[PDB]
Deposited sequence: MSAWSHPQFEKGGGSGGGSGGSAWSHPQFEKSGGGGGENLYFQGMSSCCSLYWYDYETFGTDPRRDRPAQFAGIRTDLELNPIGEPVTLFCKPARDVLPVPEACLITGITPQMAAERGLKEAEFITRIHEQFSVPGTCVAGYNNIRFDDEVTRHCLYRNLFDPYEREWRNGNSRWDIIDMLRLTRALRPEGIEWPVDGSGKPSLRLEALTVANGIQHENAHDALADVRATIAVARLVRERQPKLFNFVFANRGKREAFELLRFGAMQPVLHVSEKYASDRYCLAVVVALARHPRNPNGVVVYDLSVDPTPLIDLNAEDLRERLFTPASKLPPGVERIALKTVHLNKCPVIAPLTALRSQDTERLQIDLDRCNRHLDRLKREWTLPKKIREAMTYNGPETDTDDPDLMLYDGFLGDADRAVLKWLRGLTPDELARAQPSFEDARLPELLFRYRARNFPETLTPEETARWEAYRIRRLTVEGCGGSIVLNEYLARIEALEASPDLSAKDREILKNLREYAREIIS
């Protein structure tokens, strides 16, 4: 008895690690994509160490004042989301959620004393994202769907362009985005049900690994944001090695690129070119066409035999050339080891991926969360993980500031102000940039009345937050 929970954030900036959520929209559906129960819509009050990015507030229309006025404390905000997410059998899905919104969720759970991952895998739960399914559909079975292009003819998967081009539309608040996501998913399910079921059924770690055929040197299709839109985000790849550090990474080679440099260079030169940003490569030297597949992120892979002859022709795929390159790679006994060889703080808010929680810590965290604000002030717990002490403090200071001692309040105030004002103290943006970016935006000739009010609100928020 499983369900799909579709969601989206509007946030105060584009850095999931540092910029906090402002709005959440959620809609649960059955596996037919028909809604169950009511949509959820929540605002999150910004804690008093938050400085939003001006441009984001203009795009969303959401000021810190609006969020404070209509929202919940972050603890309750995330607890209500966590409730919906952790209902057994729930697959939590969205549109580009895995590489953005889910990171916002992980960091938010983390700060608020939840395990960042349990909602993703316990009690039959899982994740999904439709963006790579759409990339595969457009690349491999585009029939029956209008694939929009922008003004200069470049391909676009933007939610609004896609929905209008296919006549399933009906502004950018989170709720409209979520409903448009569900509708786009329905459209794929209707026009290409077999692909839809293939991608969905194969979305998990185990199943994605199996599709890679590691290590039979079998070429497969892989779609990714990292491959060029001019090639429909698709490449013919082969899995060559497990990633040295990331246990969920498999490194794959784009068989359209001459592998001579990968074969000929030593481990030192290979590491060098592989860590040189493409912009900084010398002239005549292209990049090493290796790419990491993150098995835990619902990567989309299909067998080479999914190509019909019109698809190969349409995608301008040279199978012989790929085969020729594959032959050369099969001959190198040492290549996997060489690849693995070539590929090899402080702030608790920035240390989510520094290590996993123990079973013990998880238990004390749960107990602390069950307490009332008063009980929580008296707790005096003991942690195995070194990150949790300071982390517990900020959680109390942000959501329950009336619960602090006089000297605790002075500690919060020192941290709070220097996060708001000094570079590298947690925030993506500090007060002076915030004001400078407000100035830049104020100088433009094409501000709406609404834009001005928002920029006015932002000035007032900065004035108020430092007093």
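What the model leaves out of the deposited chain are the segments 1-47, 218-219, 394-400.
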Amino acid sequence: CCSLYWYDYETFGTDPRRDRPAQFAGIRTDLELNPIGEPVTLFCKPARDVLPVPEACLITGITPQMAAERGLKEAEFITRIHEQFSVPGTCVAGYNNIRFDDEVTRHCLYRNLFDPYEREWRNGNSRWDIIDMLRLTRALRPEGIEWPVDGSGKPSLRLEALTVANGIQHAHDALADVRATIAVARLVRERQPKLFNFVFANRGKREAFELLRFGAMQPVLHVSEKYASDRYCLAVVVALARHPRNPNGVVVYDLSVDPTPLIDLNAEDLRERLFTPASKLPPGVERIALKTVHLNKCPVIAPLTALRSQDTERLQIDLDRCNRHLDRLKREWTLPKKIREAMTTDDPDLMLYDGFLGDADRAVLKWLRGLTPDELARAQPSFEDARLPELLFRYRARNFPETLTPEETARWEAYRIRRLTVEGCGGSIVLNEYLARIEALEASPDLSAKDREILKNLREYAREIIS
From here on, numbers count along this sequence of modelled residues.
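The stretch with the higher mean CA B factor, choosing between 386-394 and 240-248, is 386-394. Higher mean CA B-factor, judged across 142-150 and 171-179 from the recorded values: 171-179. Residue set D346, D311, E207, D254: peak C-alpha B-factor at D346 (per PDB entry). Reading the B-factor column for the CA atoms of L441, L58, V53, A414 in the entry, the top value corresponds to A414. Compared with the other modelled residues of the chain, the Cα B-factor recorded for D264 ranks in the middle third. Sorting the modelled residues of the chain by their CA temperature factor places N166 in the middle third. Remark: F85 belongs to the middle third of its chain, ranked by C-alpha B-factor as recorded. Ranked within its chain, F200 lands in the lowest third, by CA B factor from the PDB record. Among the modelled residues of its chain, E286 has a C-alpha B-factor that falls in the highest third according to the deposited record.
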